[PDB]
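Data first, discussion second: the structure below is written as structure tokens.
We place every Cβ from the backbone using ideal geometry, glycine too, and count neighbours over all the protein chains shown. Please treat every number below as a calculation from the coordinates, not as lab data.
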Amino acid sequence: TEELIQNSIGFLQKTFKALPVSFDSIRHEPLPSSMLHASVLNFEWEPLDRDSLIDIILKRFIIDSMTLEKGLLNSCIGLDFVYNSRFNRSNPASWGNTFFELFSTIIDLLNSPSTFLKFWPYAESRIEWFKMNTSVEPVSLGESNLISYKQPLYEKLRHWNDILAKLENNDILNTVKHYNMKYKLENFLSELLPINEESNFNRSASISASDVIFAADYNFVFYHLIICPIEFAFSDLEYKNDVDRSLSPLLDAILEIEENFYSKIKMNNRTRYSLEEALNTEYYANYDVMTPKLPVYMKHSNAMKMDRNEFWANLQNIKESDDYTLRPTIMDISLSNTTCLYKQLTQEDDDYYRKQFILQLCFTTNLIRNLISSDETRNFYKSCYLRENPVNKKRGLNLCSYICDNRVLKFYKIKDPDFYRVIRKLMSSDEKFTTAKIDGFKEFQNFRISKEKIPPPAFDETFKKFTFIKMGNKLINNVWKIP
Amino acid sequence: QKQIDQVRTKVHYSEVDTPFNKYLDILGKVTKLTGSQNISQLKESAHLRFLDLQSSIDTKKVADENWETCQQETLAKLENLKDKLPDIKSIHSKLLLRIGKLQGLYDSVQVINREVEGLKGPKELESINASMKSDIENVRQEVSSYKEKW
Amino acid sequence: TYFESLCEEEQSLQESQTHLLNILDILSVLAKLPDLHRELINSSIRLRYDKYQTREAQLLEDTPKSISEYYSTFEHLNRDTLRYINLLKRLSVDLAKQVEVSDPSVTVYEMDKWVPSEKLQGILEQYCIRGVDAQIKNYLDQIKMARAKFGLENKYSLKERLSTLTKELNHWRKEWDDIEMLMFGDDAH
């Protein structure tokens with residue numbers, strides 16, 4: 001009996017073309033109300049086990065319709081039907097499977113990242129439906145009824161990992177829509193699962209992957225120190241010196257430019273303050289208030305206030321529109337050019353490229369000191385590497401204290417605290433999570449959700465009445481009781 | 001070390017692929033029973049599991065196709081990059097002149113500040129002189145009043 | 001290839017289904033055979049064999065100068081936009097802002113809303129080219145003259161009058177005060 005299936009498909013495709021809902025009015029905000037004429041929600045349709053039969057019907061239907069707005073819209077109505085028809089189901093608790101299945105297959109057809117981003121807000125709005133693995137009843141907000149090694153996800157998770165893995169390899173054939181799609185997919189999966197799931201938190205630390213005289217050194221210290229921190233910690237007293245030989249002249253060559261940059265502004269403020277206190281009678285400059293702020297004539301003029309607006313609009317549409325979908329990111333240093341790099345670092349005006357570097361140093365140099373100083377950490381890492389694949393201290397701590405504590409902090413702490421502080425706050429905030437990952441994120445387990453209703457409180461409005469011993473105590477009052 | 005890769009190749013080819021397996025089950029069961037009315041029931045599960053499996057393959061035939069084309073378009077897009085340079089160079093030119101103009105402004109302000117210092121009060125010397133001329137009339141008036149009343 | 005291998009797999013599936021149905025028919029009549037038994041066996045072997053090939057086939061397949069001048073300028077852009085943004089605010093030059101407020105009916109000046117010299121406003125905005133610089137060159141001398149006129153009027157015109165005019169006022173509020181105080185001060189007594 002394939003006849004029955006085909007004619008059921010014609011039936012559904014008939015009735016679904018009558019519901020008056022548009023794509024925008026079905027995906028983003030809503031979920032379609034129970035306007036379905038419930039006698040269809042009772043599985044007693046016109047052309048006639050029962051469940052899986054309905055399943056293969058719906059699946060066959062969706063596959064046909066996708067081969068645009070009619071397709072996507074029709075499918076979305078499909079899923080919403082599946083949700084709205086829980087109870088009229090033999091073994092209702094078994095509605096989860098037939099749901100997830102019908103979703104994944106849709107993800108498959110989707111012949112672009114553009115159609116994907118076009119379709120995704122639908123999935124964004126209905127996350128609460130993906131939870132409730134088999135619980136027919138809605139779940140309390142902030143709780144996930146779902147486990148990563150069992151029936152619903154047991155293969156879905158593997159597949160959706162293969163999509164990302166494939167999407168990451170073609171490193172050069174990615175347009176900004178790709179990098180903007182992998183984001184939404186990942187961010188999606190990081191929410192179905194709780195915060196400590198053996199899968200969300202990266203359970204095992206898995207570190208990612210004359211100008212020529214200048215670029216040579218920069219390149220050197222990059223590939224030898226930053227990208228591999230462990231291969232610098234547990235090395236000989238020579239490699240640890242080989243890197244040392246390259247680092248220092250570079251670092252000096254940058255902390256020479258930074259002082260010029262900061263030493264221009266100091267002048268262009270001190271002179272102005274001196275003029276102000278000179279001309280006026282009784283005004284005081286209140287030094288040490290550097291606090292950049294733009295001048296008055298550019299704040300008040302509206303003409304100048306508009307040119308910048310139209311300019312940013314222009315560059316915005318040029319950078320955003322198509323034909324320009326292979327853009328380098330902002331702020332990305334290009335190493336292999338070796339002639340622009342020197343120019344990107346040795347500028348006196350823009351500071352934003354000499355800061356990323358120092359951020360990188362102050363990031364790894366934290367971990368090194370943490371390793372050599374604390375046994376528990378390097379114990380943990382040793383355990384990780386081995387489960388993957390079955391005086392020196394003094395020098396390391398010296399070149400660790402030389403940079404993040406002797407030339408950097410003693411520089412920015414005096415030059416500009418508004419950037420001096422953020423470094424210390426991040427370096428602090430890192431150890432928190434490091435120790436948190438040494439443990440199995442047990443802290444994020446104690447999180448409790450109070451579930452109880454509360455009515456408005458009581459507000460007394462009544463004062464306190466009096467008594468009949470008017471004068472106060474009885475004794476004094478008896479006196480006025482005399483005639 | 002033979003053991004390590006010996007298991008690594010094992011994990012490298014793991015598969016789930018449920019519906020296929022589901023078909024193999026109903027396939028072999030008939031054989032096992034064959035070596036020697038409810039069978040109509042099996043007939044039901046015969047068709048169903050046959051359709052599903054089939055449908056699955058269809059998607060894998062479609063998806064692999066689509067992806068392929070998406071790598072060719074973005075490939076050809078990377079070729080004709082002659083047309084795209086002139087415009088971006090125009091924008092880059094404009095932004096190269098704005099900095100120039102602004103820089104000239106920050107020069108003019110500089111010379112103004114450097115010349116005010118060479119100096120007292122443009123409208124101060126206005127209200128002061130006005131006050132100086134406004135009252136001498138009054139003094140002449142009152143002195144004429146005392147010369148009168150005498 | 002992978003696609004082709006899929007096609008062949010589907011072919012084999014279609015090969016076996018018909019034999020299956022064909023046997024279940026005979027069982028349906030029962031409530032000859034060994035042939036179909038053998039057939040279904042062989043076909044099933046063929047399919048199951050036919051998958052592994054598509055698995056391995058899958059897993060294998062996973063692993064002209066204008067371009068290089070397209071990224072270069074497109075990077076210069078991202079390098080100058082930053083210098084521009086820093087050049088607006090953090091590297092700015094500001095004006096002197098001395099106060100010359102008139103209208104003596106106010107005591108605090110708040111030192112912020114200074115909004116200089118609305119004549120100067122148009123000249124500065126005019127930048128957004130030597131003409132404007134020359135117009136500054138003239139503006140300065142203009143102010144230096146206007147300021148210099150009255151700074152000498154007050155010293156050489158009005159001081160001279162105010163001095164002598166206020167020196168010959170006491171001379172008839174004093175002696176008149178005597179001719180009015182002496183007689184009428186003792187006359188009553």
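What is the Cα centroid distance between the range C:1-74 and the range A:39-78, reported in whole angstrom?
Comparing the Cα centres of the range C:1-74 and the range A:39-78, I get a distance of 27 Å.
Give me the three principal axis extents of the range A:367-446 from the C-alpha atoms, as integers in angstrom, largest value leading.
Between the extreme Cα coordinates on each principal axis of the range A:367-446 lie 47, 41, 18 Å.
Please report the Cα spread of the range A:3-192 along all three principal axes, rounded to whole Å, starting with the longest.
Extents along the principal axes: 54, 35, 31 Å.
Which of the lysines could a cross-linker span from residue A:481 if the Cα-Cα distance has to be under 29 Å and same-chain partners fewer than 8 positions apart are dropped?
Within reach: A:464, A:465, A:470.
What is the sum of charges, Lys and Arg at +1 and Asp and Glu at -1, for the other residues whose Cβ falls under 11 Å from the Cβ of residue A:69?
+2
Considering only Cα-Cα distances, which of the following residue pairs are longer than 31 Å: A:319/A:437; A:264/A:393; A:394/B:2; A:299/A:410; A:166/B:22; A:293/C:149?
A:319/A:437; A:264/A:393; A:394/B:2; A:299/A:410; A:293/C:149
To the nearest 20 Debye, how big is the dipole of chain A about its Cα centre, given +1 on the beta carbon of each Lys and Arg and -1 on that of each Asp and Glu?
The dipole of chain A has a size of about 2100 debye.
Using a Förster radius of 25 Å, what is the FRET efficiency between residue A:219 and residue A:406 based on their Cβ-Cβ separation? Nearest 0.05, please.
0.50
In the structure shown, do any of A:14/A:59; A:355/B:101; A:156/B:61 have a Cα-Cα gap over 23 Å, and if so which?
The pairs that break the limit, which is 23 Å between Cα atoms, are A:355/B:101.
From the convex hull of the Cα coordinates of chain B, what is the mean projected area in square nanometres?
36.5 nm²
If you find the alpha carbon centre of the range A:97-118 and of the range A:449-465, how far apart are they in angstrom?
51 Å
Using only the alpha-carbon atoms, what does the range A:121-173 span along each of its principal axes? Please give whole angstrom values in decreasing order.
46, 26, 16
Can you tell me the equivalent ellipsoid semi-axes for chain A? Use √(5λ) from the Cα gyration tensor, largest first, whole Å.
54, 44, 30
Based on the Cβ-Cβ distance of residue A:126 and residue A:397, what FRET efficiency does E = 1/(1 + (r/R0)^6) give at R0 = 51 Å, to the nearest 0.05?
0.40
For labels at residue A:4 and residue A:318 in the simple 7 Å Cα→Cβ model, what's the distance in nm?
About 6.6 nm separates the two model spin labels.
Place +1 on the Cβ of every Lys and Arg and -1 on the Cβ of every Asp and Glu in chain A, take the dipole about the Cα centre, and give the residue among A:263, A:45, A:114 whose Cα lies farthest towards its positive end.
Highest projection toward the positive end goes to A:263.
Calculate for the protein assembly as shown the 222 nm mean residue ellipticity that helices alone would give, adding -39,500 (n - 2.57) per DSSP H run of length 4 or more and normalising by residue count, nearest 500 deg cm²/dmol.
Helix contribution divided over all residues of the protein assembly as shown: -21500 deg cm²/dmol.
Using a cut-off of 15 Å between beta-carbons, work out the net charge of the residues near residue C:123 (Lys and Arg +1, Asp and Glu -1, residue C:123 not included).
The answer is -2.
Quick check on the range B:1-79: what does the Kirkwood estimate of hydrodynamic radius come out to from the alpha carbon pairs, in Å?
Here the Kirkwood hydrodynamic radius works out to 16.9 Å.
With a Förster radius of 22 Å, plug the Cβ-Cβ distance of residue B:87 and residue C:88 into 1/(1 + (r/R0)^6) and report the FRET value to the nearest 0.05.
For residue B:87 and residue C:88, the calculated efficiency is 0.30.
Let me know the Rg and Dmax you get for the range C:2-61 when you use only its Cα atoms, in Å.
Rg, Dmax (Cα atoms, Å): 14.7, 51.
Of A:433, B:93, A:225, which is farthest along the charge dipole of the protein assembly as shown in the positive direction, counting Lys and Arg as +1 and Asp and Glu as -1 at C-beta?
So the residue furthest toward the plus end is A:433.
Per residue of the range C:176-184, in order, report the coupling 6.51 cos²θ - 1.76 cosθ + 1.60 (Karplus, θ = phi - 60°) as ³J(HN,Hα) in whole Hz, putting x for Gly and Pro.
Each residue of the range C:176-184 in turn: 4, 5, 6, 5, 9, 8, 5, 4, 6 Hz.
Taking 10 °C and 1.306 mPa s as the conditions, I'd like the Stokes-Einstein D for the protein assembly as shown in µm²/s, using the Kirkwood hydrodynamic radius from alpha carbon pairs.
43 µm²/s
Positive end of the dipole of the range A:3-192, charges at C-beta (+1 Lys, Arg; -1 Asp, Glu), about the Cα centre: which of A:93, A:179, A:62 has its Cα farthest in that direction?
In the range A:3-192, that residue is A:179.
On a C-alpha basis, how far is the centre of the range A:402-434 from the centre of the range B:92-147 in Å? Whole number, if you could?
What the calculation gives is 48 Å, centre to centre.
Counting only other chains, and only Cβ atoms inside 10 Å, what mean value do you get across the residues of B:44-55?
Across the residues of B:44-55, the mean count of other-chain Cβ atoms within 10 Å is 5.
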